[PDB]
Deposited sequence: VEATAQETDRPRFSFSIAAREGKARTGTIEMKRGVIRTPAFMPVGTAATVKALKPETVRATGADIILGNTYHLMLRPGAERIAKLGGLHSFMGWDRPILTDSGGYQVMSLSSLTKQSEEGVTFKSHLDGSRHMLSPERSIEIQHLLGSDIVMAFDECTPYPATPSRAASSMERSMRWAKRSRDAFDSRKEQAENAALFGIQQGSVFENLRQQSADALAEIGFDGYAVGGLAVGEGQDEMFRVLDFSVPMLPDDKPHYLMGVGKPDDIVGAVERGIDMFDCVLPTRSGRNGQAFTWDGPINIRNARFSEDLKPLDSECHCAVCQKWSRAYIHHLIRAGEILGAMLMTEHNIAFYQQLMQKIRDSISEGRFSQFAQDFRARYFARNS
């Protein structure tokens, strides 16, 4: 395979479906990336994560540089062999999860240069530029300052990546658009990033507390500003319905800790909306978590049993809920892909919503 090739196989409206080919495998888009916060997708073996249909996972720089240590993982062979996942890994830059801020970077040390170096040491396949994610709400002046800084850091990221030849030849680099909710700042940011040139473009600074209406409004004008022929990654999104509407607005890649996090908390996703399995109404319910789901959890165990496990604080409860939720998300992404390929995604999006709600 190539270092990086994104191909769009089909389109409907602003929605797109295709593939990203990379040396460690192919990524079907639109894609959902399970998140691994300390070199593990919580409560799942990597073979299980793959069995749910994931093509790529998101690795944790913030956690990893602290524990176990970037240099340490490199000494041990890199993150892929360390955790036992041999397919692509996207790493965030640490431009969110972290203090003392300056133009050089953040100490708590992290700079564009060190962030790119850490992602190299981890053996990341998709490296994210080091940015500043602008708090919400933000005034226009502060959003501009933060965006401008991020754009200077994006150039420094680009140049750090390009000077390290093994990284430049084997990994991909994504830039991150900032500008909070302001169209003119989003446009300046997009233009700056396109001028520098990246392999893919994230929409940053969303999923920071704004509502779905506001996030969608900002996507409406923001995503068309990005190069059409490169992937569009919406960081930190989201709920199933957030995902469907973001695809309707041109997003190709997603990550969210919801399916894992909330799974362990008792929330299960179903085509009829989320349920909380701790609720007493499930104590004697012999049905699977979701009536259509093809996952191994729904083939084998009842709501009543998973209810019992989560109430009892049993580790298997976390395991099963997380496997189901991540399988659910992958089935959603597959339905999205197939429906765009068949020119019926807007109908799918409506059917989905009428039932989920």
Practice problem: No C-alpha coordinates anywhere in a stretch? Then put that deposited-sequence range on the list, in order along the chain. | Solution: 1-9, 108-113, 124-132, 382-385
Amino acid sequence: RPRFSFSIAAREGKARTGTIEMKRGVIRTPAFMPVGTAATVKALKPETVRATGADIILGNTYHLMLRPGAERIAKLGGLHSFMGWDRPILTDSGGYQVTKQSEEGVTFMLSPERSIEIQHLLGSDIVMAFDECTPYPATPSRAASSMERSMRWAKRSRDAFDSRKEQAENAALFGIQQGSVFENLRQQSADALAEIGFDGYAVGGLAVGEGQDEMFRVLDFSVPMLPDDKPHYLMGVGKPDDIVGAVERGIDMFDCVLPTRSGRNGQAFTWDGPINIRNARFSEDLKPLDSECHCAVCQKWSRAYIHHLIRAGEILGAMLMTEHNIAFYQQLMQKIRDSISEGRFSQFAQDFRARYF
From here on, numbers count along this sequence of modelled residues.
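In this text, the rigid core denotes the largest set of C-alpha atoms whose superposition between the two forms falls within 1.5 Å.
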Exercise. Please indicate which stretch deviates more in 6 other deposited structures of this protein: 114-122 or 87-95, judged by C-alpha RMS distance after a core superposition?
Key: 87-95
Self-check item: Positional deviation of Cα atoms in 6 other deposited structures of this protein after core superposition, greater for 283-291 or 146-154
Solution: 283-291
Quiz prompt | Other entries omitting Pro46, at least a third | solution = yes
Quiz item: Does a third or more of the other compared entries skip modelling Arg264?
Solution: yes
Quiz prompt | Of 161-169 and 118-126, the stretch whose C-alpha atoms average the higher B-factor in the entry | solution = 161-169
Quiz item: Once you work out the mean C-alpha B-factor for both 255-263 and 81-89 from the entry, which is higher?
Solution: 255-263
Self-check item: Selection by C-alpha B-factor (highest) of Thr29, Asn325, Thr40, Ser302
Solution: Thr40
Quiz item: Per the entry, which of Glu248, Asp199, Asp229, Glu104 tops the list for Cα B factor?
Solution: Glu104
Quiz item: Of the three thirds of its chain by CA temperature factor, lowest, middle or highest, which one includes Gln350?
Solution: highest
Quiz item: So where's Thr99 on the chain's Cα temperature factor ranking, which third?
Solution: highest
Quiz prompt | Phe174 - Cα temperature factor, lowest/middle/highest third of chain | solution = lowest
Quiz item: Looking at the C-alpha B-factor of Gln331, is it in the lowest, middle or highest third of its chain?
Solution: middle
Exercise. Name the third of the chain's ranked CA B-factors that contains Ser150, choosing lowest, middle or highest.
Key: lowest
